[PDB]
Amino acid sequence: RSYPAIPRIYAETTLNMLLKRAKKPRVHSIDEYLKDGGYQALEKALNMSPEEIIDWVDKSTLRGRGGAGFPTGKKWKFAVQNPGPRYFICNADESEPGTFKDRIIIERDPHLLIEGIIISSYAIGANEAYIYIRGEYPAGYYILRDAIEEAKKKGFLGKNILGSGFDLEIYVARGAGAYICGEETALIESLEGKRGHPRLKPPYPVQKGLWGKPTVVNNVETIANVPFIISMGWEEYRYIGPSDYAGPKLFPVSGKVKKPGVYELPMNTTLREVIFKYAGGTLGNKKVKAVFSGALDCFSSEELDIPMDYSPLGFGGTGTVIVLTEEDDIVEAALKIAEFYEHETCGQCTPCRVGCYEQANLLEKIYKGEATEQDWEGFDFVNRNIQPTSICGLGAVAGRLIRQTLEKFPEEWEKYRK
């Protein structure tokens, strides 16, 4: 049928796995997916034990593509040691600044994600799975609903899937404008029909999640890897990129590059290679000043030779690459990041509630040259004191990128202090 207009985001792959179909900017329906051997990994998986599937996902080295890089197999193992029923949740809330990797799988190859969800749900013994897609992805919502009906029609969903005795229904829930609803426990609160208020962890969802039952939350991109692990086997999957951080990775590249878009590359690729080898270098061939890893980290032009992996010295995060060049004002850029956290704090924790607001309020005064000496010292203090008592990652990192700009670009900040 007819879906809402979507920008045609450029997509390029050196691996031809996650983007084998999604490199073409259109919906690939189930017939096209089946032509490429789609759903044969599910058939293979249903002839394996759930425990065997968990062992393969563990040995694959697959790590959470949502940005934290938690080992996926180990997350499943934690869930299955707890009594059922269990739930499987696909996190499609993707709302990190610069991050548009998940939507191109959802909108172009929805069956890759659906096949992943069914195999993952079987592995952990979940008969009820959810996709939580952000409100601002309406096309993705309609495309997934249509794709789930296609999967039902072909007998990949419903009761007794392909005579396996395994039952599954996938429910598509929509967000309504809260970045915090991507936080796995806020997501679960929203699925329960409440405000997106993160829960104190532990417990982790794998112990107590949806309706207090063992719940696995995995990112769209994580789940899209599962069909490849089963199809190829964990050994062949581990041949992709470095053996310690294996498999394809999606890199959403934006800002001052010639070819902004999503790049499917192995994680031994360097940040320099992402910008210059793949994304075509900088607009006007201007020097790189900084890379924002979404709203999480700020890397200087001295840090471009790092691997795009989940190692301690690696890029990590979502793989989001926002490129700023020599003429971009780092303080103006810092203000946009402060404004983001101001807008998205849920306000449960006092230092996060007041700190996100004051960080943005004071940095605006600084940017506009209206800051008193006390506003300057106030800004420094609040930036260092958003994290205390925080119960989710937002409070923990709301000052992180901005602190990195103060340390890495002091000359630029000093210009504003004068």
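All residue numbers are counted from 1 along the displayed sequence. In this text, the rigid core denotes the largest set of C-alpha atoms whose superposition between the two forms falls within 1.5 Å.
J.: Between 259 to 267 and 239 to 247, which one shows the bigger average Cα displacement from this form in 7 other deposited structures of this protein once the rigid core is aligned?
T.: If we average over structures and residues in 7 other deposited structures of this protein, the farther stretch is 239 to 247.
J.: Select between 233 to 241 and 318 to 326 the stretch whose C-alpha atoms have the higher average B-factor in the entry.
T.: Here the higher of the two C-alpha B-factor means belongs to 233 to 241.
J.: If you average the CA temperature factors over each stretch, which comes out higher, 386 to 394 or 43 to 51?
T.: Stretch with the higher mean C-alpha B-factor: 43 to 51.
J.: Name the one of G84, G294, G261, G175 with the greatest CA B-factor according to the PDB entry.
T.: Reading the PDB entry, the winner on C-alpha B-factor is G84.
J.: Between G116, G140, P312, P97, let me know which has the highest C-alpha B-factor in the entry?
T.: Of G116, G140, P312, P97, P312 has the highest C-alpha B-factor.
J.: Going by the CA temperature factor in the PDB record, which third of the chain does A129 belong to: lowest, middle or highest?
T.: Middle third, going by the recorded CA B-factors of the chain.
J.: Hey, what third does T269 fall into on Cα B-factor, ranked over its chain?
T.: For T269, the deposited C-alpha B-factor lands in the middle third.
J.: Using the B-factors in the PDB entry, rank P252's C-alpha atom against the chain and give the third, lowest, middle or highest.
T.: For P252, the deposited C-alpha B-factor lands in the lowest third.
J.: What third of its chain, lowest, middle or highest, does the C-alpha temperature factor of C349 fall into?
T.: Within its chain, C349 is a lowest-third residue by C-alpha B-factor, going by the deposited values.
J.: Compare the C-alpha B factor of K23 with those of the other modelled residues in its chain, then answer lowest, middle or highest third.
T.: Tercile = middle for this residue's CA B-factor.
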